[PDB]
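K.L.:
Input: one structure, supplied below.
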Amino acid sequence: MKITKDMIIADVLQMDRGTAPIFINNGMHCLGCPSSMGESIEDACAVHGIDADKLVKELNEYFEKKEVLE
């Protein structure tokens, strides 16, 4: 599986709930708002000036680890 920054944060959470600590790792604020859950990774990142490039990489690596473990 290959995650992109255009993907929705809430939608990535649908692929795996364990992705939340990764968003939190990069400085995301989990709150009932579009600019955190509803919008795309890049969109929410731009708001808080978060490094979506690193965040997305960690999201990918995470899933691609599971594709080996499972």
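Letters for chains follow the order of the structure tokens (A, B, ...), residue numbers begin at 1 for each chain, and ligand numbers begin at 1 in the order shown.
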Would you list the contacts of residue 44 of chain A as a PDB file with N, CA and C atoms, in the first residue's frame, taking every protein, DNA or RNA residue within 10 Å and counting only C-alpha atoms, but skipping same-chain residues closer than 6 positions in sequence?

P.N.:
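Generated file (selection.pdb):
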```pdb
ATOM      1  N   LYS A   5      -0.050  12.370   0.313  1.00  0.00           N
ATOM      2  CA  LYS A   5      -0.448  13.507   1.152  1.00  0.00           C
ATOM      3  C   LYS A   5      -1.832  14.058   0.759  1.00  0.00           C
ATOM      4  N   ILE A   8      -7.079  11.630   2.710  1.00  0.00           N
ATOM      5  CA  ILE A   8      -7.733  12.199   3.892  1.00  0.00           C
ATOM      6  C   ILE A   8      -7.238  11.525   5.182  1.00  0.00           C
ATOM      7  N   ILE A   9      -6.903  12.326   6.193  1.00  0.00           N
ATOM      8  CA  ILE A   9      -6.433  11.792   7.481  1.00  0.00           C
ATOM      9  C   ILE A   9      -7.449  10.801   8.081  1.00  0.00           C
ATOM     10  N   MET A  28       0.173  16.656  14.683  1.00  0.00           N
ATOM     11  CA  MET A  28      -1.262  16.847  14.418  1.00  0.00           C
ATOM     12  C   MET A  28      -2.074  16.947  15.718  1.00  0.00           C
ATOM     13  N   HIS A  29      -3.143  17.741  15.686  1.00  0.00           N
ATOM     14  CA  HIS A  29      -4.015  17.919  16.850  1.00  0.00           C
ATOM     15  C   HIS A  29      -5.383  17.255  16.612  1.00  0.00           C
ATOM     16  N   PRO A  34     -12.448  19.970  10.483  1.00  0.00           N
ATOM     17  CA  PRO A  34     -11.958  19.641   9.135  1.00  0.00           C
ATOM     18  C   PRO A  34     -10.423  19.712   9.038  1.00  0.00           C
ATOM     19  N   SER A  35      -9.841  20.796   9.561  1.00  0.00           N
ATOM     20  CA  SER A  35      -8.384  21.048   9.474  1.00  0.00           C
ATOM     21  C   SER A  35      -7.539  20.084  10.334  1.00  0.00           C
ATOM     22  N   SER A  36      -8.103  18.938  10.690  1.00  0.00           N
ATOM     23  CA  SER A  36      -7.400  17.942  11.509  1.00  0.00           C
ATOM     24  C   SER A  36      -7.813  16.516  11.130  1.00  0.00           C
ATOM     25  N   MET A  37      -9.119  16.294  10.994  1.00  0.00           N
ATOM     26  CA  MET A  37      -9.651  14.967  10.648  1.00  0.00           C
ATOM     27  C   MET A  37     -10.216  14.910   9.215  1.00  0.00           C
ATOM     28  N   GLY A  38     -11.042  15.897   8.863  1.00  0.00           N
ATOM     29  CA  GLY A  38     -11.789  15.855   7.604  1.00  0.00           C
ATOM     30  C   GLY A  38     -10.954  16.091   6.343  1.00  0.00           C
ATOM     31  N   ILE A  50       3.151  21.658   9.359  1.00  0.00           N
ATOM     32  CA  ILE A  50       3.699  20.318   9.599  1.00  0.00           C
ATOM     33  C   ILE A  50       4.408  19.765   8.351  1.00  0.00           C
ATOM     34  N   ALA A  52       4.514  17.388   5.965  1.00  0.00           N
ATOM     35  CA  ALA A  52       3.712  16.327   5.344  1.00  0.00           C
ATOM     36  C   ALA A  52       4.588  15.314   4.599  1.00  0.00           C
TER      37      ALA A  52
END
```

K.L.:
Apply DSSP to the structure's backbone, then extract all residues of chain A labelled helix (DSSP H, G or I) and return them as a PyMOL selection string.

P.N.:
chain A and resi 9-15+17-25+34-38+41-48+52-69

K.L.:
Please save N, CA and C atoms of the selected residues as a compact mmCIF listing (two decimals), in the first residue's frame.

P.N.:
```txt
# COMPACT_ATOMS: atom_id res chain seq x y z
N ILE A 9 -6.90 12.33 6.19
CA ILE A 9 -6.43 11.79 7.48
C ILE A 9 -7.45 10.80 8.08
N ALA A 10 -8.72 11.20 8.12
CA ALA A 10 -9.79 10.33 8.61
C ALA A 10 -9.90 9.03 7.79
N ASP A 11 -9.58 9.11 6.50
CA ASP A 11 -9.63 7.94 5.61
C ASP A 11 -8.46 6.98 5.87
N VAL A 12 -7.27 7.54 6.12
CA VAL A 12 -6.11 6.74 6.52
C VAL A 12 -6.41 5.99 7.83
N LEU A 13 -7.09 6.67 8.75
CA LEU A 13 -7.54 6.06 10.01
C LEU A 13 -8.52 4.90 9.75
N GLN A 14 -9.21 4.93 8.61
CA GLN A 14 -10.10 3.83 8.21
C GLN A 14 -9.29 2.61 7.75
N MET A 15 -8.12 2.85 7.15
CA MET A 15 -7.23 1.76 6.72
C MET A 15 -6.60 1.08 7.93
N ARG A 17 -6.35 2.07 12.45
CA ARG A 17 -6.50 2.98 13.59
C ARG A 17 -5.13 3.30 14.21
N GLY A 18 -4.15 2.42 13.98
CA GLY A 18 -2.81 2.60 14.53
C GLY A 18 -1.99 3.68 13.82
N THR A 19 -2.59 4.35 12.84
CA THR A 19 -1.91 5.45 12.13
C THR A 19 -2.02 6.78 12.90
N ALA A 20 -2.97 6.85 13.83
CA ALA A 20 -3.19 8.06 14.64
C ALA A 20 -1.90 8.54 15.35
N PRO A 21 -1.17 7.65 16.08
CA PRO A 21 0.08 8.04 16.77
C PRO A 21 1.15 8.58 15.80
N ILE A 22 1.04 8.24 14.52
CA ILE A 22 1.95 8.75 13.49
C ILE A 22 1.62 10.22 13.18
N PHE A 23 0.34 10.51 12.99
CA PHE A 23 -0.12 11.90 12.82
C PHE A 23 0.26 12.74 14.05
N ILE A 24 0.01 12.18 15.23
CA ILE A 24 0.39 12.83 16.49
C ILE A 24 1.92 13.02 16.58
N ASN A 25 2.67 12.04 16.07
CA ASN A 25 4.14 12.12 16.06
C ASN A 25 4.63 13.38 15.33
N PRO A 34 -12.45 19.97 10.48
CA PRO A 34 -11.96 19.64 9.13
C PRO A 34 -10.42 19.71 9.04
N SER A 35 -9.84 20.80 9.56
CA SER A 35 -8.38 21.05 9.47
C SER A 35 -7.54 20.08 10.33
N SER A 36 -8.10 18.94 10.69
CA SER A 36 -7.40 17.94 11.51
C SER A 36 -7.81 16.52 11.13
N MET A 37 -9.12 16.29 10.99
CA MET A 37 -9.65 14.97 10.65
C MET A 37 -10.22 14.91 9.21
N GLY A 38 -11.04 15.90 8.86
CA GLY A 38 -11.79 15.86 7.60
C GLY A 38 -10.95 16.09 6.34
N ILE A 41 -4.10 15.10 4.25
CA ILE A 41 -2.87 15.22 5.03
C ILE A 41 -2.13 16.54 4.74
N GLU A 42 -1.87 16.82 3.46
CA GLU A 42 -1.19 18.05 3.05
C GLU A 42 -1.95 19.31 3.51
N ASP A 43 -3.28 19.26 3.40
CA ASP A 43 -4.13 20.40 3.74
C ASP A 43 -4.02 20.73 5.24
N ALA A 44 -4.18 19.71 6.08
CA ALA A 44 -4.06 19.87 7.54
C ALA A 44 -2.63 20.24 7.95
N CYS A 45 -1.64 19.67 7.26
CA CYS A 45 -0.23 19.98 7.53
C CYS A 45 0.08 21.46 7.27
N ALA A 46 -0.35 21.97 6.12
CA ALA A 46 -0.10 23.37 5.74
C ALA A 46 -0.61 24.34 6.82
N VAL A 47 -1.75 24.01 7.43
CA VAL A 47 -2.33 24.84 8.51
C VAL A 47 -1.34 25.01 9.68
N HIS A 48 -0.84 23.89 10.21
CA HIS A 48 0.07 23.92 11.36
C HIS A 48 1.55 23.94 10.93
N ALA A 52 4.51 17.39 5.96
CA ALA A 52 3.71 16.33 5.34
C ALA A 52 4.59 15.31 4.60
N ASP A 53 5.72 15.77 4.08
CA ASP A 53 6.67 14.90 3.39
C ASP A 53 7.15 13.77 4.32
N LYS A 54 7.54 14.13 5.54
CA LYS A 54 7.97 13.14 6.54
C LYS A 54 6.79 12.31 7.07
N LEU A 55 5.68 13.00 7.37
CA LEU A 55 4.47 12.34 7.87
C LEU A 55 3.99 11.22 6.93
N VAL A 56 3.85 11.54 5.65
CA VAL A 56 3.41 10.56 4.66
C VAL A 56 4.38 9.37 4.56
N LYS A 57 5.69 9.65 4.58
CA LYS A 57 6.70 8.59 4.56
C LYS A 57 6.51 7.61 5.74
N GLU A 58 6.34 8.15 6.95
CA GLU A 58 6.09 7.33 8.13
C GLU A 58 4.79 6.51 7.98
N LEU A 59 3.75 7.12 7.41
CA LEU A 59 2.50 6.41 7.12
C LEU A 59 2.74 5.22 6.17
N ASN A 60 3.47 5.46 5.08
CA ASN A 60 3.83 4.39 4.13
C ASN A 60 4.61 3.27 4.82
N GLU A 61 5.78 3.62 5.35
CA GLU A 61 6.64 2.65 6.05
C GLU A 61 5.83 1.80 7.03
N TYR A 62 4.97 2.45 7.81
CA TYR A 62 4.09 1.76 8.77
C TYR A 62 3.29 0.63 8.12
N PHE A 63 2.49 0.95 7.10
CA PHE A 63 1.70 -0.06 6.39
C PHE A 63 2.60 -1.13 5.74
N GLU A 64 3.69 -0.68 5.12
CA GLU A 64 4.60 -1.57 4.41
C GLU A 64 5.36 -2.50 5.37
N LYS A 65 5.43 -2.13 6.65
CA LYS A 65 5.90 -3.06 7.70
C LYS A 65 4.87 -4.17 7.92
N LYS A 66 3.60 -3.78 8.02
CA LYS A 66 2.50 -4.73 8.23
C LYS A 66 2.40 -5.74 7.08
N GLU A 67 2.61 -5.27 5.86
CA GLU A 67 2.57 -6.13 4.67
C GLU A 67 3.67 -7.21 4.72
N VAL A 68 4.59 -7.07 5.67
CA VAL A 68 5.63 -8.08 5.93
C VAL A 68 5.27 -8.93 7.16
N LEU A 69 4.94 -8.26 8.27
CA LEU A 69 4.60 -8.93 9.53
C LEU A 69 3.38 -9.86 9.40
```

K.L.:
Using only C-alpha atoms for the distances, tell me which of A:70, A:27, A:1, A:16 is nearest to residue 51 of chain A.

P.N.:
A:27
